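J.: Right, I'll just put the structure down here and ask away after.
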Protein chains: 2
Amino acid sequence: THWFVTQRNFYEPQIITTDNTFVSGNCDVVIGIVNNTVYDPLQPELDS
Amino acid sequence: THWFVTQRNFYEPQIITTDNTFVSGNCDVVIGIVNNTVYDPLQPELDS
Ligand SMILES: *[C@@H]1O[C@H](CO)[C@@H](O[C@@H]2O[C@H](CO)[C@@H](O)[C@H](O)[C@H]2NC(C)=O)[C@H](O)[C@H]1NC(C)=O
Ligand SMILES: *[C@@H]1O[C@H](CO)[C@@H](O[C@@H]2O[C@H](CO)[C@@H](O)[C@H](O)[C@H]2NC(C)=O)[C@H](O)[C@H]1NC(C)=O
Ligand SMILES: *[C@@H]1O[C@H](CO)[C@@H](O[C@@H]2O[C@H](CO)[C@@H](O)[C@H](O)[C@H]2NC(C)=O)[C@H](O)[C@H]1NC(C)=O
Ligand SMILES: *[C@@H]1O[C@H](CO)[C@@H](O)[C@H](O)[C@H]1NC(C)=O
Ligand SMILES: *[C@@H]1O[C@H](CO)[C@@H](O)[C@H](O)[C@H]1NC(C)=O
């Protein structure tokens, strides 16, 4: 149901964020890409 | 008197921040943990 990012050699799931992930280009080029939220940790701070 | 994070093979003390550190869980589980202020680099910008 949920999407997580984890270290490779031990299951420690954590929320997808702009800290855990890096961008590269538009979605069409990658074979097998999937859709999700990526949380932006600035936004609750910016909002308050 | 003061707590720093340094690279391992050459002494270069840096202030402890949420950039040069990462979280995992509450303070109870770790044997030999210590208490200090992690400087959050966004707080002077939230003050601005
Ligand atoms: C996939 O993992 C997530 C995170 O552990 C599960 O979502 C939690 O599920 C429990 C039980 O239903 C709830 O109490 C939590 O509030 C849920 N957390 C969130 C952030 O939604 C999810 O149930 C797991 N999915 C499956 C199919 O096992
Ligand atoms: C992932 O999400 C994107 C954006 O919602 C989906 O792309 C759109 O898909 C529809 C139906 O095929 C097209 O009409 C649109 O032109 C697409 N692009 C945009 C920008 O809306 C995509 O289909 C989703 N992929 C999966 C596997 O669910
Ligand atoms: C590290 O800091 C925490 C938080 O101030 C200390 O936790 C307190 O410990 C006393 C022990 O008698 C408890 O009565 C308090 O309820 C605790 N506070 C909280 C907010 O839980 C902890 O003792 C400190 N550890 C060391 C080794 O100094
Ligand atoms: C994975 O295999 C299924 C087999 O039905 C196929 O439909 C799907 O296109 C494959 N995945 C990718 C990324 O092509
Ligand atoms: C560190 O070592 C000393 C001597 O072995 C012991 O008395 C002390 O309880 C230890 N403290 C921690 C935090 O491990």
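Naming works like this for the structure tokens: A, B, ... for the chains as they're shown, residue 1 at the start of each chain, ligands 1 onward in shown order.
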Please provide as a ChimeraX atom specification all residues within 10 Å of residue 42 (chain B), with the sequence filter that same-chain residues fewer than 6 positions apart are discarded (counting only C-alpha atoms).

T.: /A:42,45-46 /B:18,48

J.: What does the C-alpha RMSD come to when chain B is least-squares superposed onto chain A, all C-alpha atoms paired in sequence order?

T.: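 Result: 0.3 Å C-alpha RMSD.
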
J.: Give me, as an NGL selection string, the set of residues whose atoms come within 10 Å of any atom of ligand 1, counting only C-alpha atoms and all ligand atoms.

T.: :A and (1-4 or 13-15)

J.: With distances taken over only C-alpha atoms, which of A:30, A:24, A:19, A:39 is nearest to chain B?

T.: A:19

J.: Enumerate, in order of chain and increasing residue number, the residues of chain A with an atom no farther than 9 Å from ligand 4, each with its shortest atom pair and distance in Å to one decimal, counting only C-alpha atoms and all ligand atoms, as a tab-separated table.

T.:
residue	atom	partner	partner_atom_place_in_ligand_line	distance
A:31	CA	ligand 4	13 (C)	5.5
A:32	CA	ligand 4	13 (C)	3.7
A:33	CA	ligand 4	13 (C)	7.5

J.: With C-alpha atoms retained, export the selected residues as a compact mmCIF listing (two decimals), in the first residue's frame.

T.:
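Output contents, as saved in selection_37.txt:
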# COMPACT_ATOMS: atom_id res chain seq x y z
CA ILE A 31 11.40 2.31 -17.61
CA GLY A 32 9.26 0.96 -14.70
CA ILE A 33 8.92 4.25 -12.70

J.: Neighbours of ligand 2 within 10 Å, counting only C-alpha atoms and all ligand atoms, as a list in words?

T.: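 So, counting only C-alpha atoms and all ligand atoms, the residues near ligand 2 are residues 27, 28, 32, 33, 34, 35 and 36 of chain A.
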
J.: Apply DSSP to the structure's backbone, then extract all residues of chain A labelled helix (DSSP H, G or I) and return them as a PyMOL selection string.

T.: chain A and resi 42-46

J.: Between B:29, B:23, B:11, B:6, which one has atoms that come closest to chain A, using only C-alpha atoms?

T.: B:23

J.: To one decimal place, how far is atom 4 (C, counted along the ligand's line) of ligand 3 from CA of residue 17 (chain B) in Å?

T.: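 Going from atom 4 (C, counted along the ligand's line) of ligand 3 over to CA of residue 17 (chain B) covers 18.4 Å.
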
J.: So, counting only C-alpha atoms, which residue among A:26, A:43, A:9, A:37 is closest to chain B?

T.: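 Ranked by minimum distance to chain B, first place goes to A:43.
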
J.: May I ask for the distance between CA of residue 8 (chain B) and CA of residue 25 (chain B), given in Å to one decimal place?

T.: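 One can read the CA of residue 8 (chain B) to CA of residue 25 (chain B) distance as 24.1 Å.
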
J.: Using only C-alpha atoms, can you tell me which of B:16, B:22, B:10, B:38 comes closest to chain A?

T.: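 The answer is B:22, which sits nearest to chain A.
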
J.: Looking only at strand (DSSP E or B) from DSSP on the backbone, list the matching residues of chain A as JSON, numbers by chain.

T.: {"A": [4, 5, 14, 15, 17, 39]}
